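Enquirer:
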Amino acid sequence: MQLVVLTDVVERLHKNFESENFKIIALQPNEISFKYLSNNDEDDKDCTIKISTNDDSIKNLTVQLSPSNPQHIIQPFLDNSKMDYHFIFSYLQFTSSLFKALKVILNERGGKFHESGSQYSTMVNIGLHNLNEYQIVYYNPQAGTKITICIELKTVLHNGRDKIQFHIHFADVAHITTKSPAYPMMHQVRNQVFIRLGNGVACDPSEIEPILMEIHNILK
Amino acid sequence: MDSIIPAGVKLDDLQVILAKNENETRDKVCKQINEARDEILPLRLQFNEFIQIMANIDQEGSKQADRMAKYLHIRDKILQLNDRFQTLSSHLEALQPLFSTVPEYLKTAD
Amino acid sequence: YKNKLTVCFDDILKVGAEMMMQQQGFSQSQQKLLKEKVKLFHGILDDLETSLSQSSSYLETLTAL
Amino acid sequence: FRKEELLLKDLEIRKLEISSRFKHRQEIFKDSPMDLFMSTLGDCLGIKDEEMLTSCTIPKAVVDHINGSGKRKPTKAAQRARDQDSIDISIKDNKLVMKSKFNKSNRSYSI
Amino acid sequence: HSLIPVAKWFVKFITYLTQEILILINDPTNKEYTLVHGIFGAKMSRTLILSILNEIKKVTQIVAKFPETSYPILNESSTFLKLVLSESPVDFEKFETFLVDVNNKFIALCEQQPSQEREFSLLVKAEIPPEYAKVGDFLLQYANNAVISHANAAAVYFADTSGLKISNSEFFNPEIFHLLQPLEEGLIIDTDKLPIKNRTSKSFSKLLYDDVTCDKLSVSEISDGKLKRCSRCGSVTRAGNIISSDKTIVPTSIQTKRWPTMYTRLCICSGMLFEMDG
Numbered sequence: 006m007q008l009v010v011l012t013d014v015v016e017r018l019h020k021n022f023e024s025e026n027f028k029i030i031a032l033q034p035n036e037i038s039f040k041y042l043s044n045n046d047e048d049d050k051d052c053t054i055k056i057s058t059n060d061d062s063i064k065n066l067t068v069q070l071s072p073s074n075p076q077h078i079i080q081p082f083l084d085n086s087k088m089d090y091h092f093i094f095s096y097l098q099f100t101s102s103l104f105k106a107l108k109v110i111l112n113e114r115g116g117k118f119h120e121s122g123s124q125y126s127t128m129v130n131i132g133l134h135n136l137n138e139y140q141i142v143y144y145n146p147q148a149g150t151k152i153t154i155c156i157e158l159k160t161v162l163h164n165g166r167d168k169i170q171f172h173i174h175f176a177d178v179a180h181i182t183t184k185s186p187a188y189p190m191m192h193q194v195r196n197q198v199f200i201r202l203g204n205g206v207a208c209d210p211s212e213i214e215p216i217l218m219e220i221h222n223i224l225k
Numbered sequence: 002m003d004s005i006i007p008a009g010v011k012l013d014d015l016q017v018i019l020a021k022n023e024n025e026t027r028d029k030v031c032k033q034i035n036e037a038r039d040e041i042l043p044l045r046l047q048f049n050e051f052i053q054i055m056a057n058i059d060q061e062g063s064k065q066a067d068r069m070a071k072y073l074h075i076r077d078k079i080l081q082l083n084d085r086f087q088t089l090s091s092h093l094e095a096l097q098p099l100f101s102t103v104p105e106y107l108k109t110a111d
Numbered sequence: 305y306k307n308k309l310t311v312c313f314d315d316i317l318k319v320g321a322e323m324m325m326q327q328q329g330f331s332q333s334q335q336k337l338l339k340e341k342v343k344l345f346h347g348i349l350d351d352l353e354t355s356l357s358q359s360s361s362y363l364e365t366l367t368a369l
Numbered sequence: 005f006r007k008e009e010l011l012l013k014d015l016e017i018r019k020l021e022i023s024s025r026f027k028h029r030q031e032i033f034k035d036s037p038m039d040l041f042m043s044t045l046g047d048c049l050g051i052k053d054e055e056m057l058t059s060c061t062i063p064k065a066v067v068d069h070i071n072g073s074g075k076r077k078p079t080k081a082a083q084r085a086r087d088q089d090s091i092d093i094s095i096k097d098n099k100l101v102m103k104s105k106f107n108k109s110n111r112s113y114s115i
Numbered sequence: 010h011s012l013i014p015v016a017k018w019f020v021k022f023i024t025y026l027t028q029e030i031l032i033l034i035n036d037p038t039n040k041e042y043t044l045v046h047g048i049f050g051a052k053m054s055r056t057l058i059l060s061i062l063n064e065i066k067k068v069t070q071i072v073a074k075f076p077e078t079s080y081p082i083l084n085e086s087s088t089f090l091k092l093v094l095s096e097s098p099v100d101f102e103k104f105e106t107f108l109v110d111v112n113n114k115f116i117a118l119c120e121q122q123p124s125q126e127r128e129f130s131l132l133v134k135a136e137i138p139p140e141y142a143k144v145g146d147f148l149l150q151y152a153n154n155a156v157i158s159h160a161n162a163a164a165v166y167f168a169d170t171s172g173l174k175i176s177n178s179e180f181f182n183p184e185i186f187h188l189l190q191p192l193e194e195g196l197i198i199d200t201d202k203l204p205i206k207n208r209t210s211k212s213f214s215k216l217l218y219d220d221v222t223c224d225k226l227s228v229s230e231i232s233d234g235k236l237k238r239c240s241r242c243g244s245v246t247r248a249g250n251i252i253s254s255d256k257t258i259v260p261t262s263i264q265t266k267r268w269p270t271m272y273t274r275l276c277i278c279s280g281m282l283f284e285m286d287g
């Protein structure tokens, strides 16, 4: 029964995770160690799935994520929410590129001593509300300024069909006037970016990772 | 409860006091900040659960006693919400003397 | 921050007070008021968490130094 | 066609009763947002005031004055005021009483 | 009261065209969204909506001038009519000036160069001839600053305008929305060749929304067999029949002959309406 349910899970994943980075590292009766991201390490499991089997099927499929994997910040929300496993896999495949982009962003600041006295006053950390949105705010204690970038999952009607796209935009609170000392960089981002309707930027996940770096190119 | 850090004492005197006693107060404040960090998340989780309950009020209701049970449950929920607010207020006021040195240090370093 | 957490949970009931007053459909103004109230509650919770982390880190660095 | 006339009259009486109800409620329990919320929500459900529970205790001065049966006699002006109001209001043992004056049946307030 | 469900589709319609304005600005080379050009190009439609907005103002002014006073409980329908106009995501006055300015600009262009095919193009072709490529650029640039400046840009883009029943793909069920036989066999199809689940008129179309009063169809109205289908456009409507008490202002057994009785035998597209088989 354990093997049959594992085979069913693997078949469903193959149906839902058709990507060139999908691979299984270690197979265990009680846990799953498979790699679906672009992590170079062979034995590092990007996603860990614990197997809790019952007389007929798996009781619960708990998703565990490696600390090196940037996706570990969503672990408590996955743990406390009993959502469909297929839906969880769909969300993971839909947001893997976003996770890679934010991994690059956080590793830019997380680099070790490069023998440069460029002690930047801006620190990048991830703000979290729920599974529907992921938020990034730039902490500057020296200048006393904030740079909030919210990424929500909003549905938009497209050719008689509703689609979900990443809504990368500045919050409605960001009605920053020209008088702010840090306003130059928000204004530059607005001028050079603001599918753009003036405030929001809806993007295809297959194309979020270059455009976010285009936003991050100004940031870096 | 216990006032390890006296009120009105200067920062340097607190440094001298902290330098000794083998860091029992350091252990206590580390435990307090750890439990505050481990309490931050469950408050968010249960608050989202309360929002979900409020939004789904028009579902799974067919008997009047069901409303009695559900609304007694929610009133109890906000009961432990106010209790937890009081507990976190106590936690922050316990660390209030410790945080009181930060404004003085910042203004002296200015 | 002590007053903000008290008023925010008092205001979310205050924001709803007019919502069930008409109940005693839904107005879009009240719905967006509730949305901004809950999102600001989450934001101030995150800000307080960040402030606590920064204060803690200052604590260890000053104790070490 | 007296049926529709009495339905509409009952609806108007209900709306004015609800108006007096919330204008009195917002001031009697102004200090407790919890109590106001739970009271108005239970009355939206249709719960009699004698069954629901209160977390806080109200002062006894308002109870003594609203009835006047104590040492201080009720004011004749207060008598006229309570006559002109559409709802008979009184508190018995830290709990008020609410009863419809036109329909004695179990008027369900549920939505 | 019965006009309220119609007004919901009336507001839901004007939002769809305004939504396409924002989309077309970013990518003007998309040929799949050329329908937006023809709608504004139609000359009587701009006047027709203005007349609708005129009588809407007249009705509201008359209702304000002559409100219901004997029974306050009956004022809900009158009050709701005022509320739905004010609570609309886009102001009607700003949208009223939008179509008015288009008419004047499209009249002076006729005097600049005489042409009669443009009248056909703006009404039927829903396209602009290549010789008038400069005219197409004017619609994209001017529409952004005219009305959108007074509305919420973020809200209209994400607004739920789906279910308008405009395209044919969302009229018939997806099982049968395809060619079934080769052109050699002809265009008319015998019923016996249809799929077993698709051999009845009930499975031909989406029986979810109404087409005359623009109201949602409940389970009771679906199952009573008193609804009608148009043999021409596939529309489904329960017009010409007494409405249930739950759809009235107050639940009652009084039977009232409502305006749907105009379309008892003739559909909206001049087609015939027949009792839907169960």
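Chains as they are written, first to last, in the working numbering: chain A, 6 to 225; chain B, 2 to 111; chain C, 305 to 369; chain D, 5 to 115; chain E, 10 to 287. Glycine residues also receive a C-beta, built at the ideal position from the N, C-alpha and C atoms.
1. At a Cβ threshold of 8 Å, is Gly205 (chain A) touching chain C?
2. Alpha carbon to alpha carbon, how far is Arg76 (chain B) from residue 4 (chain D)? Give it in angstroms, no decimals.
3. Count the other CB atoms, across all protein chains shown, that sit within 10 Å of the CB of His134 (chain A); report buried if there are 16 or more and exposed otherwise.
4. For the putative contact between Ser38 (chain A) and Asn26 (chain A), defined by C-beta atoms under 8 Å, what is the C-beta separation to the nearest angstrom?
5. Is it buried or exposed, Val68 (chain E), if we count other Cβ atoms within 10 angstroms and call 16 or more buried?
6. Where does residue 1 (chain E) sit, in a helix, a strand or coil, going by DSSP?
7. Look at the Cβ atom of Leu349 (chain C), then the Cβ atom of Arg45 (chain B), and state whether they are nearer than 8 Å.
8. Less than 8 Å between the CB atoms is what I'm expecting for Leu70 (chain A) and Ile54 (chain A), so what's the real figure, rounded?
9. Hey, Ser210 (chain E) and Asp286 (chain E) are a contact pair by Cβ (cut 8 Å); roughly how many whole angstroms apart?
10. So, is the C-beta of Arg85 (chain B) closer than 8 Å to a C-beta in chain H?
11. With 8 Å set as the bound, which would you pick, yes or no: does the beta-carbon of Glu29 (chain E) sit closer than that to a beta-carbon of chain A?
12. Establish whether the CB of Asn49 (chain B) and some CB of chain A are separated by less than 8 Å.
13. Name the residue from A:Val10, A:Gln80, A:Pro75 and A:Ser24 whose alpha carbon lies nearest to the alpha carbon of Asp61 (chain A).
14. Would you tell me roughly how many angstroms separate the C-alpha atoms of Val99 (chain E) and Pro76 (chain E), rounded to the nearest one?
15. Can you give me the C-alpha to C-alpha distance between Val342 (chain C) and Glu120 (chain E), rounded to a whole angstrom?
16. By the DSSP assignment, the beta strand (DSSP E) with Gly205 (chain A) in it spans what residues?
17. Would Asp51 (chain A) and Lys40 (chain A) be called neighbours here (beta carbons separated by less than 8 Å)?
18. Taking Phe175 (chain A) as the reference, which of A:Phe199, A:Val161, A:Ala187 and A:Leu162 has the closest Cα?
19. Consult DSSP for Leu32 (chain A) and reduce its assignment to one of helix, strand or coil.
20. Counting along the chain, where does the alpha helix (DSSP H) carrying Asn39 (chain E) start and finish?
21. Under a three-way DSSP split, which group does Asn74 (chain A) fall into?
22. What does the alpha-carbon distance come out to for the pair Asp169 (chain E) and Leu93 (chain B)?
23. Of all the alpha helix (DSSP H) runs that stay within the bounds of the segment 148-228 of chain E, which reach a length of 4 or more residues?
24. Taking its Cβ as the centre, do 16 or more other Cβ atoms sit within 10 Å of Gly50 (chain E), making it buried, or is it exposed?
25. Between the alpha carbons of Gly280 (chain E) and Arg267 (chain E), how many angstroms are there, rounded?
26. Pick out whichever of B:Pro104, B:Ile41 and B:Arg68 has its Cα sitting closest to the Cα of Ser357 (chain C).
27. Which stretch, first to last residue, makes up the alpha helix (DSSP H) that contains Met55 (chain B)?
28. In chain order, what are the residue ranges of uninterrupted beta strand (DSSP E) at least 3 long that sit wholly in the segment 102-146 of chain A?
29. Within 10 angstroms of the Cβ of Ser214 (chain E), are there 16 or more other Cβ atoms? Answer buried if so, exposed if not.
30. So, is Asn74 (chain A) buried or exposed, given that buried needs 16 or more other C-beta atoms within 10 angstroms?
31. Applying a beta-carbon distance threshold of less than 8 Å, which residues of chain C neighbour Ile52 (chain B)?
32. Quick one: using the 10 Å Cβ neighbour count with 16 as the cut-off for buried, is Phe104 (chain A) buried or exposed?
33. Quick check on the DSSP output: the alpha helix (DSSP H) that includes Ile17 (chain D) runs from which residue to which?
34. Against chain C, does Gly115 (chain A) count as a neighbour if the rule is that its beta carbon must be under 8 Å from one of theirs?
35. Note down, in chain order, each residue of its chain lying with its Cβ closer than 6 Å to the Cβ of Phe48 (chain B), except the 5 sequence neighbours on either side.
36. Taking DSSP's pairing of strands, which residues face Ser124 (chain E) in a bridge?
Expert: With the given structure in hand:
1. no
2. Because chain D spans 5 through 115 in this model, residue 4 (chain D) falls outside it and cannot be assessed.
3. buried
4. That belief does not hold up - the Cβ atoms of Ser38 (chain A) and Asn26 (chain A) are roughly 15 Å apart, past 8 Å.
5. exposed
6. The requested residue 1 (chain E) does not occur in the structure, where chain E is confined to residues 10 to 287.
7. yes
8. So it is not a contact: roughly 10 Å between Cβ atoms.
9. 6 Å
10. Considering every chain present, this structure includes no chain H. Its protein chains are A, B, C, D and E.
11. no
12. yes
13. A:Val10
14. 26 Å
15. 58 Å
16. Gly205 to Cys208
17. yes
18. A:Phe199
19. strand
20. No alpha helix (DSSP H) holds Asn39 (chain E); DSSP gives it neither H nor E.
21. coil
22. 45 Å
23. 162-167
24. buried
25. 21 Å
26. B:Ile41
27. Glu25 to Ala56
28. 128-135 and 138-145
29. buried
30. buried
31. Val342
32. buried
33. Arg6 to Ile32
34. no
35. none
36. None; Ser124 (chain E) has no bridge partner.
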